[PDB]
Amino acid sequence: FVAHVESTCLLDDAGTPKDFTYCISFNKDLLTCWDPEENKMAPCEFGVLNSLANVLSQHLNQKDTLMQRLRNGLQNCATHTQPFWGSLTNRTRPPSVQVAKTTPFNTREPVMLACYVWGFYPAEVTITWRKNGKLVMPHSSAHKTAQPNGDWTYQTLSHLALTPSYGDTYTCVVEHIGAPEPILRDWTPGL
């Protein structure tokens, strides 16, 4: 079996504690959590593990140190995250971007471009395409979903299927809070 004793803190960019939870789980079943408007642990599971949920709530509620600790959950959250919180909510890393050809898929077009965006943080990033300076594929999803690398950087890519014409220039426009100005990468059939 696996068991959990999980605490969560919700704070804003400034470090102001907005919420706080403390929940116990067993066998991936959420059983009992702290109830501020009751000052004690209260069952969350009413299925087969209901009695266990009440037993765990009981044992924990008889722990004065824990009760006093949870009563101050909000303050504990602010105090504990205080030394680093500001550095995190302000943390950003600009994206690197490169355009190049890729094997076409799910399309009839002969050519397919891939705009690679990586090394950025946070994960929110927008990518749009421009043909000879004008927007294209307006009905696409500019707000992209990104793959986490696990080291506080992310990556994603946008595609553009097309037929080349030697005079056309395609530009990948990347916007990310980690970069003051949009990032542009050009591509032409003769490159």
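Residues carry their position along the shown sequence, with the first being 1.
*Asks:* Look up the CA B-factors in the entry and say which stretch, 171-179 or 21-29, has the higher mean.
*Replies:* The deposited B-factors put 171-179 ahead on the C-alpha mean.
*Asks:* Consider only the C-alpha atoms of the modelled residues in this chain, order them by B-factor as the entry records it, and name the third containing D64: lowest, middle or highest.
*Replies:* For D64, whose C-alpha B-factor we compare with every modelled residue in the chain, the answer is the highest third.
*Asks:* Mind checking which third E45 falls in for C-alpha B-factor across the chain?
*Replies:* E45: CA B-factor falls in the middle third of its chain.
*Asks:* Going by what the PDB entry lists, where does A161 fall on CA B-factor within its chain: lowest, middle or highest third?
*Replies:* Middle third.
*Asks:* Split the chain's modelled residues into thirds by Cα B-factor; is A53 in the lowest, middle or highest one?
*Replies:* For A53, whose C-alpha B-factor we compare with every modelled residue in the chain, the answer is the middle third.
*Asks:* By the record's CA B-factor, is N106 among the lowest, middle or highest third of residues in the chain?
*Replies:* Answer is highest: the recorded C-alpha B-factor places it there.
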